[PDB]
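Asker: Protein chains in written order, with my numbering: chain A, 25 to 451; chain B, 397 to 513; chain C, 9 to 188; chain D, 66 to 418; chain E, 49 to 143; chain F, 1184 to 1349; chain G, 100 to 259.
For each residue, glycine too, the CB sits at the ideal point set by N, CA and C.
Okay, handing you the structure first.
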Amino acid sequence: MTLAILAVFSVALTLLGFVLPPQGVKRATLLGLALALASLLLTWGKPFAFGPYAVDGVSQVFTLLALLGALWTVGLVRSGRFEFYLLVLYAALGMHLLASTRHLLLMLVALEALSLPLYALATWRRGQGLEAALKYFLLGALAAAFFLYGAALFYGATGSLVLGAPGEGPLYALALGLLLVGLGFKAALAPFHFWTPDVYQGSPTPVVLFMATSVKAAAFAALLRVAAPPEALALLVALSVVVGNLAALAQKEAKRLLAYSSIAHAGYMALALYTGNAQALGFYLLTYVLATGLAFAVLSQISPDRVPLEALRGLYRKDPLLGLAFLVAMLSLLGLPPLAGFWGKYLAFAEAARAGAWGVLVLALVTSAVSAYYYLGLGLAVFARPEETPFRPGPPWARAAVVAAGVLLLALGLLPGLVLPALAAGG
Amino acid sequence: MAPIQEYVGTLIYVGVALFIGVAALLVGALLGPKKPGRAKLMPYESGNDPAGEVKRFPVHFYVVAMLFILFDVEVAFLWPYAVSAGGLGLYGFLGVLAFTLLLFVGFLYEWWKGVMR
Amino acid sequence: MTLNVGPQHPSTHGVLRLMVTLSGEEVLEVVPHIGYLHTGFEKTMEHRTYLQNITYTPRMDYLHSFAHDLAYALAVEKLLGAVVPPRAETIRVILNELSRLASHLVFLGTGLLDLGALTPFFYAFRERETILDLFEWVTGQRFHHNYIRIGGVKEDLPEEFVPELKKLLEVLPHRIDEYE
Amino acid sequence: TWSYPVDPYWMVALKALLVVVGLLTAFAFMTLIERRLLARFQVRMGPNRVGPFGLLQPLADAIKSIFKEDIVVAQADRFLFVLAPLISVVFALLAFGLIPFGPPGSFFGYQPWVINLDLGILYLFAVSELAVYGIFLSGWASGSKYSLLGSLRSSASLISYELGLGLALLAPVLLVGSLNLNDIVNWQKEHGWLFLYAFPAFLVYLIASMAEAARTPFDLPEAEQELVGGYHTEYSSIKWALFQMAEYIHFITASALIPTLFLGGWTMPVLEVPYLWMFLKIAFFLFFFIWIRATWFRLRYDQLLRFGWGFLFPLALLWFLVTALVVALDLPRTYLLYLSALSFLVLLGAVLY
Amino acid sequence: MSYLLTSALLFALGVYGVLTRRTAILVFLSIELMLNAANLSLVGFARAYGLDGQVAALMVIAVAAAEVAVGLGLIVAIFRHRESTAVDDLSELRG
Amino acid sequence: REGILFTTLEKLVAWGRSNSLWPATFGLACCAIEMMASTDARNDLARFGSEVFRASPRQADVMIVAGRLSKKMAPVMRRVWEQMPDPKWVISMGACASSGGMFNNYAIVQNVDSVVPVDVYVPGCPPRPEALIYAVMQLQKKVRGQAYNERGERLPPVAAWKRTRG
Amino acid sequence: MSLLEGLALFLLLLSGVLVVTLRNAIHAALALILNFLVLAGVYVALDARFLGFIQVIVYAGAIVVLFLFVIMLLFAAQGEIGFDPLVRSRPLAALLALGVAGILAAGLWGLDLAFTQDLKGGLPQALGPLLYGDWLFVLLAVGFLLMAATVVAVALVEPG
Ligand code: SF4
């Protein structure tokens, strides 16, 4: 009964924007997201399904993360176009529907419904924004066509469009591949990774925050329902992580480097799919969402258009707490103790080893060790000598959000046996 | 329902209509003076420029067509409820009413924003 | 869209060319272009007798001509001092207002037809036909009538003119009230 | 076609060819009658010439139509130039066989109709959309952007009101429950004259047909006196003839459909004659429509868009939802009669303020 | 079964279009062709597996209409002031 | 095929073209008002076949030059003649158009036959509406091969059929 | 069957080849409309009757109508401007188009299915209870998707 809250707020605001100032609309959107988050929590351990809409721990956790990302990215959006808020609402609802069903066709409708408002939110009208939106839309519709033929061949291998069917030989494998194409594209897995750097570089920074958190979250929420074979999973992980880290080595701009890093991180998250633990992946994505939203909130405080790596430098002297949280985020994404990224990474690797894929895991670990080069070149750059750089030291809004993100990251890294007990049915 | 023979009869209808249309066009084309001239083949309005060199046409017609495709999808969804109505009862009526209200919210949004633009 | 509304097309009465600077459905600005009817009354009148020019005066405004006839006659009278009989002045105002009725009929007919309905053109124009016949009684011509003179009017009215005028004057009030 | 037989394919082809040449003769003589009726409206009288009743003047017109140098204009698409009139005519002729001109077997043995598809209104809807297709395509192919803009106005308006046609047609489907015209006509046989139940939607159907070039937008446009129209202005001998032919067939198709759907398709309570009542109702609607042609002004396509989009279509869907509640709950069939009579009294009393 | 093979071939043709085309709109057309091939496969497997693929293809039509509307808005916004719709004309974002 | 090459077919199509005369006015001056008056409810050229009035030149066979033809308009009107379907006819209405009339000056074409091939001339100022009907009936019998000059010669059905346009 | 079935399939594939091959955008869209007509006939042949009629109404009648409206507002018919041709990608592209079918052909090869079901015609009479009901949730999701799509396009053009 959370989706009803989302729908009510969205539909009412669609008209209320004519009588309410965009700021009042922003307050309304924020209230709706907080109410939906609270309704999700009060239903913790209360799975609820009416039709093909089915809420389990996965729906609960991933929609909680998506709602967090939406709240954070709405805090920064201050444009006087109430539409620039409405779309955000949609995506949340859309992503909710993505994690809340097993029906492949409702999965497609949910994907389109959460993705379309992103295409429009990416228009600050900066000439790069147009190029980004065009690549995004074209490649996304291509992936949607592939995913739809996959759902069709699924219906061919089984009488229902719901996942879990027994499955045939070549036809079921082929349908699985045609679904995996779109799902990995949405999750920014290579060799479907091309769109992510360009789109993250072109889009306004807070929108990139929202994307790199909630879109990847919901994409893996949908992947968890699929029974992806180990060969496909291994190929995706290998190619994704390798290209992610390597192409990130060559990056000169923070947002493009972070997009390649997120490709590598989707490659890592693709390990928990070996078992579909939904506990390992839930934990990993919790930590990743917090850290990446933090990093992109800081980057938005720097510049929405584009931020080079040098702009990050001197940040500690500029703002100490900000530099500290940025260091925490770089290390947590590096998955280093005593930070929660280590626990998420370990849980994914434990799922992988339990599935019995060893060489893939070793290659992932080597690529993660290579990643430390730029992870430190970003985290440690905070202390460097400040060069010429625009700096907007946020409102107390973004400061408090960043502080809470870093605090939750370290708290759950130090004592993970606090929430990890309740990632199953929810005791 | 209806037998499939009616659809082959429909194909025959199309065949006769198309045949007669092509026959009429042949009558028109073959019976004529056929003295082509340079200015005769020129589009219109005395040398050049009926409209001439103009910027791309208003997007208003794009919006007209997009509105139309969306609302025709609406109607295509409303018809299956129109045929089976008494059987779907208040449940189907309520579902169709909520659906209609969603797309009517879309209409009211585009109207209070308007497209004179 | 610098649109070239050509002369006479699309159906732009009174041959005239228009350059409609136009974006969308509005009208940014219309640049008119005229001269397609330049005949040269002001030049040809320099080479025609005063009496002959009364044949050139109605042809400029061919709808309300008797105002041109009157203007030219009055100007030449004031120039050489002619004495207008009173009945000539009465008849001149009669013919002036009558040709004004015919001009106004044509203006509103063309306007309604140009955009709107085609029907109301006929009825008004029908009454115009009636008016035209009156001139044929006295001038022998529909319009371009050479009836005015320097002193007054050319010759006296027939017996049959006035009763037809009364017929039309009694049918007209209901008619104009119907258009209104 | 649950209870109705199927004629042989050769008989279907025979009836089709007959319907098409009859539509030809009908639109020629209806051009005559419209000329004379508009004439009578404006007290001038029509062509008492080449006839006497004029009934040999369309022959002279057709004789002009061919031999008139069917011209291929330069700067025009070689193929679409010739193809678009064919599209407009093909997709205009058909969708008229479905109209029942009598009870089964009343074609002197086989079938009053040509095809009686299970889904009729959808076929009508699709072939009505393809007419707008031909309109704006010919506008484009002409190579004249002046005429292109008129083609765009035409297409926009026709498309908007063509959308409204769906919500107009929704209401009676609830009552009859079938998408074949014969079931609907038989329902008007039993309960009687569906417009009594659904007069408001009938209205938004009627006015919708005005937007399909019938009249009073009248900024369709025709090339005359406004931003010139599309789909003509570059075709001379036979293609122009095909454009006018298809437009008039569409006019008469609407004039025939309006009584078939809401009012009494022939099926009279009295004298139950197959063809004569339907043709006479066609004549009534045609005369009222020519009255409109003569008697009313233009709309300028902006107020036309406003009236169609903001007024007609929401009203049609409101009535559809009302009828849907009533039918699914099936409480009486009387409630719709009462509500339509009351609504007509409302939309009537507001006139003479 | 020839229907399903033809749907696969139409998907392949749409792939060839998306890859070969230079214009954005023609790529979008090839994608629509891919969608219709998918719909044909769905109708065949509904004939096989009990009629659900028909409602499936209906919802697919509606999804297609949504994405067509939004994508054409995009195509408008990006190439309104700009020159030729050629998709290679925008190479600002490089690796 | 030009309405020719069969003894019956050419008389038939001459009948058809004659009663199917579609007048396309090119309203220039006070002649044009007396042509518009030939459409009202006293004297309508709406019987012989001339009811419909297509402003487009691609659609009409009779071109009626009704008014003075000033030189600045001479090519424009000219092109409307070139942009007409080939079975086309041209009438010169009034004195200013037929000859230079009384405006025998620098501005006015002294015979519209200069720019367009004229079929029939109709004097008058303005030519009475019934006279314009007379000229269209004259043209009717001219395209029937029923028209002779003062010198005994029969006049061909279509003027503008004998000219090397350029 | 096979008599006209071969015809329909040959026309379908030929139209696809046109829509992907022709450089006339208008002619490509027209070949896709012809494809849609052939495909609606195929749909009806497959006992889906309502779906073929909507395929003509919405897809051909509405979608590619807006496509044509866009390419007529923005001429774009001669697409080959601003080339960057990458000529060698033209054969290579087809290669991938081959594979994307072949593996599908492999997954569908040697695949025989029970094509025996009395659909009773794909009429909406039976689809009503299926749509409003088992699909009502997917229906309402679709409706919200379209409403949001309208809002997205409005805010996307929105010159201000
Ligand atoms: S001939 Fe007489 S009526 Fe005709 S344009 Fe000349 S002045 Fe006017």
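Tell me the DSSP secondary structure of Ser1253 (chain F) in three-state form.
Answerer: For this step, residue 1253 (chain F) is matched to residue 70 along the sixth sequence. Note: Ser1253 (chain F) maps to strand in three-state DSSP.
Asker: Should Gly87 (chain D) be labelled buried (16 or more other beta-carbon atoms within 10 Å of its own) or exposed?
Answerer: On the fourth sequence, residue 87 (chain D) is found 22 positions in, with the first residue counted as 1. It counts as exposed.
Asker: Just to confirm, does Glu1217 (chain F) get its C-beta within under 8 Å of one of the non-hydrogen atoms of the ligand SF4?
Answerer: Sequence index remark: in the sixth sequence, residue 1217 (chain F) carries index 34 (1-based). Yes, since a heavy atom of the ligand SF4 falls inside the 8 Å radius drawn around the Cβ of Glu1217 (chain F).
Asker: Since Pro123 (chain D) is in the alpha helix (DSSP H), which residue starts that stretch and which ends it?
Answerer: Working through the fourth sequence from its first residue, we reach residue 123 (chain D) at position 58. From DSSP, the alpha helix (DSSP H) with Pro123 (chain D) extends over 122-130.
Asker: Of all the residues that make up the segment 152-177 of chain G, which are near chain B by a beta-carbon distance shorter than 8 Å?
Answerer: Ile153, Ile156, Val157, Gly160, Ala161, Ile162, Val164, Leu165, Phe168, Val169, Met171, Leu172, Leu173, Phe174
Asker: State buried or exposed for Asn444 (chain B), treating a residue as buried only when at least 16 other CB atoms are found within 10 Å of its CB.
Answerer: As a first step, residue 444 (chain B) is located in the second sequence; it is residue number 48 there, counting from the start. Under this definition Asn444 (chain B) is an exposed residue.
Asker: Quick one: using the 10 Å Cβ neighbour count with 16 as the cut-off for buried, is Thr215 (chain G) buried or exposed?
Answerer: Here residue 215 (chain G) corresponds to residue number 116 of the seventh sequence, with the count starting at 1. Around the Cβ of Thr215 (chain G), a 10 Å sphere holds fewer than 16 other Cβ atoms; the residue is exposed.
Asker: Using the three-state DSSP reduction, which class does residue 491 (chain A) fall into: helix, strand or coil?
Answerer: One cannot answer for residue 491 (chain A) here, as it falls past the ends of chain A, which runs 25 to 451.
Asker: Name the chain G residues that come within less than 9 Å of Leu198 (chain A), Cβ to Cβ?
Answerer: Start at 1 with the first residue of the first sequence, and residue 198 (chain A) comes out as number 174. Residues of chain G passing the Cβ test: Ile202, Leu203, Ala205, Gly206, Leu207.
Asker: Any Cβ of chain E within less than 9 Å of the Cβ of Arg189 (chain G)?
Answerer: As a working note, residue 189 (chain G) is residue 90 in the seventh sequence. With 9 Å as the cut-off, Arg189 (chain G) counts as an interface residue toward chain E.
Asker: As a quick exercise: from D:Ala191, D:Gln309, D:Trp384, pick the residue whose alpha carbon is nearest that of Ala278 (chain D).
Answerer: Taking the fourth sequence and counting its residues from 1, the one referred to as residue 278 (chain D) is at position 213. The shortest C-alpha separation from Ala278 (chain D) is found at D:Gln309.
Asker: Closest to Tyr399 (chain A) by C-alpha separation, out of A:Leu357, A:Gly380, A:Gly365, A:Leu433, would be which residue?
Answerer: By one-based count along the first sequence, residue 399 (chain A) stands at place 375. Comparing Cα-Cα distances from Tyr399 (chain A) to each of A:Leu357, A:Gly380, A:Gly365, A:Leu433, the minimum goes to A:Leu357.
Asker: The ligand SF4 and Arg67 (chain C): does the residue's C-beta get closer than 8 Å to at least one heavy atom of that ligand?
Answerer: For the purposes of this step, residue 67 (chain C) is identified with residue 59 of the third sequence, where counting begins at 1. True, at least one ligand heavy atom lies under 8 Å from that Cβ.
Asker: So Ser34 (chain A) packs on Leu110 (chain A), CB below 8 Å; how close in whole Å?
Answerer: To locate residue 34 (chain A), count along the first sequence from 1; it is residue 10. To locate residue 110 (chain A), count along the first sequence from 1; it is residue 86. That pair is a contact at about 7 Å.
Asker: Tell me the DSSP secondary structure of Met1218 (chain F) in three-state form.
Answerer: One-based indexing of the sixth sequence puts residue 1218 (chain F) at position 35. Collapsing the DSSP output to three states places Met1218 (chain F) in a helix.
Asker: Identify the continuous alpha helix (DSSP H) that holds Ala96 (chain E) and give its terminal residues.
Answerer: If you number the fifth sequence from 1, residue 96 (chain E) lands on position 48. Under the DSSP assignment, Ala96 (chain E) falls in the alpha helix (DSSP H) whose first and last residues are 72-97.
Asker: Could you give the residue range of the alpha helix (DSSP H) that holds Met1320 (chain F)?
Answerer: For the purposes of this step, residue 1320 (chain F) is taken as residue 137 along the sixth sequence, with counting starting at 1. For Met1320 (chain F), the uninterrupted alpha helix (DSSP H) segment begins and ends at 1312-1326.
Asker: Tell me where the beta strand (DSSP E) around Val1305 (chain F) begins and ends.
Answerer: Position 122 of the sixth sequence, counting from 1, holds the residue named residue 1305 (chain F). For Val1305 (chain F), the enclosing beta strand (DSSP E) has its first and last residue at 1303-1305.
Asker: Specify, as a first and last residue, the run of the beta strand (DSSP E) that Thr299 (chain A) falls within.
Answerer: Position 275 of the first sequence, counted from the start, is the residue given in the question as residue 299 (chain A). First-last for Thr299 (chain A): undefined, no H or E at that position.
Asker: Among A:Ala262, A:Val239, A:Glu192, A:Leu30, whose alpha-carbon lies nearest the alpha-carbon of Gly383 (chain A)?
Answerer: Position 359 of the first sequence, counted from the start, is the residue given in the question as residue 383 (chain A). For the residues A:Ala262, A:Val239, A:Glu192, A:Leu30, the minimum Cα distance to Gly383 (chain A) belongs to A:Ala262.
Asker: So does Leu1211 (chain F) have its beta carbon nearer than 8 Å to some heavy atom of the ligand SF4?
Answerer: Here residue 1211 (chain F) refers to the residue found at position 28 of the sixth sequence. Because some heavy atom of the ligand SF4 lies under 8 Å away, the Cβ of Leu1211 (chain F) counts as near it: yes.
Asker: The alpha helix (DSSP H) spanning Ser1275 (chain F) covers which residue range?
Answerer: Counting from 1 along the sixth sequence, the entry for residue 1275 (chain F) is found at position 92. Looking at the DSSP string, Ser1275 (chain F) is not in any alpha helix (DSSP H); the run it does join, the beta strand (DSSP E), is 1272-1276.
Asker: Can you give the Cα-Cα distance for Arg142 (chain E) and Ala105 (chain E), rounded to whole angstroms?
Answerer: Residue 142 (chain E) sits at position 94 when you count from the first residue of the fifth sequence. Residue 105 (chain E) sits at position 57 when you count from the first residue of the fifth sequence. C-alpha separation (whole angstroms): 38 Å.
Asker: On the DSSP bridge assignment, give the partners of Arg1337 (chain F) in chain order.
Answerer: Here residue 1337 (chain F) corresponds to residue number 154 of the sixth sequence, with the count starting at 1. Its beta-bridge partners are F:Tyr1331.
Asker: Tell me, please, whether the CB atom of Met1267 (chain F) is closer than 9 Å to any CB atom in chain B?
Answerer: Position 84 of the sixth sequence holds residue 1267 (chain F). It does; some Cβ of chain B falls within 9 Å.
Asker: Tell me, please, whether the CB atom of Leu244 (chain G) is closer than 9 Å to any CB atom in chain E?
Answerer: Numbered from its first residue, the seventh sequence carries residue 244 (chain G) at position 145. It does; some Cβ of chain E falls within 9 Å.
Asker: Can you have a look at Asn113 (chain D) and say buried or exposed, based on whether 16 or more other CB atoms are within 10 angstroms of its CB?
Answerer: Numbered from 1 along the fourth sequence, position 48 holds the residue referred to as residue 113 (chain D). That one is exposed.
Asker: When the cut-off is 9 Å and only beta carbons count, does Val450 (chain B) lie next to chain C?
Answerer: Numbered from its first residue, the second sequence carries residue 450 (chain B) at position 54. Answer yes: the Cβ-Cβ gap between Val450 (chain B) and chain C drops below 9 Å somewhere.
Asker: Can you name, in chain order, every residue of its own chain whose Cβ lies under 7 Å from the Cβ of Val313 (chain A), other than the five neighbours on each side?
Answerer: Here the question's residue 313 (chain A) lines up with position 289 in the first sequence. Closer than 7 Å at Cβ, skipping near neighbours: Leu89, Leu92, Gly93, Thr237, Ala241.
Asker: What are the boundary residues of the alpha helix (DSSP H) that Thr52 (chain C) is part of?
Answerer: The residue you call residue 52 (chain C) lines up with position 44 of the third sequence. Element bounds for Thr52 (chain C): 49-52.
Asker: Anyone know if the C-beta pair for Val410 (chain B) and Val155 (chain D) falls short of 9 Å?
Answerer: Here the question's residue 410 (chain B) lines up with position 14 in the second sequence. Here the question's residue 155 (chain D) lines up with position 90 in the fourth sequence. A contact, by the Cβ cut-off of 9 Å.
Asker: State the Cα-Cα distance for the pair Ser89 (chain E) and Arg363 (chain D), rounded to the nearest angstrom.
Answerer: On the fifth sequence, residue 89 (chain E) is found 41 positions in, with the first residue counted as 1. On the fourth sequence, residue 363 (chain D) is found 298 positions in, with the first residue counted as 1. Spanning the two alpha carbons is a distance of roughly 49 Å.
Asker: List the endpoints of the continuous alpha helix (DSSP H) containing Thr360 (chain D).
Answerer: Stepping through the fourth sequence from its first residue, residue 360 (chain D) is reached at position 295. Where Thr360 (chain D) is concerned, the enclosing alpha helix (DSSP H) stretches over 341-360.
Asker: When you compare only the Cα positions, how much space is there between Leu504 (chain B) and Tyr458 (chain B)?
Answerer: Taking the second sequence and counting its residues from 1, one reaches residue 504 (chain B) at position 108. Taking the second sequence and counting its residues from 1, one reaches residue 458 (chain B) at position 62. Whole-angstrom Cα-Cα distance: 19 Å.
Asker: Could you please give the first and the last residue of the uninterrupted alpha helix (DSSP H) stretch that includes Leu140 (chain C)?
Answerer: Within the third sequence, numbered from 1, the residue matching residue 140 (chain C) stands at position 132. For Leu140 (chain C), the enclosing alpha helix (DSSP H) stretches over residues 128-146.
Asker: Select from the segment 296-330 of chain A all residues with a C-beta closer than 8 Å to any C-beta belonging to chain E, and list them in chain order.
Answerer: none
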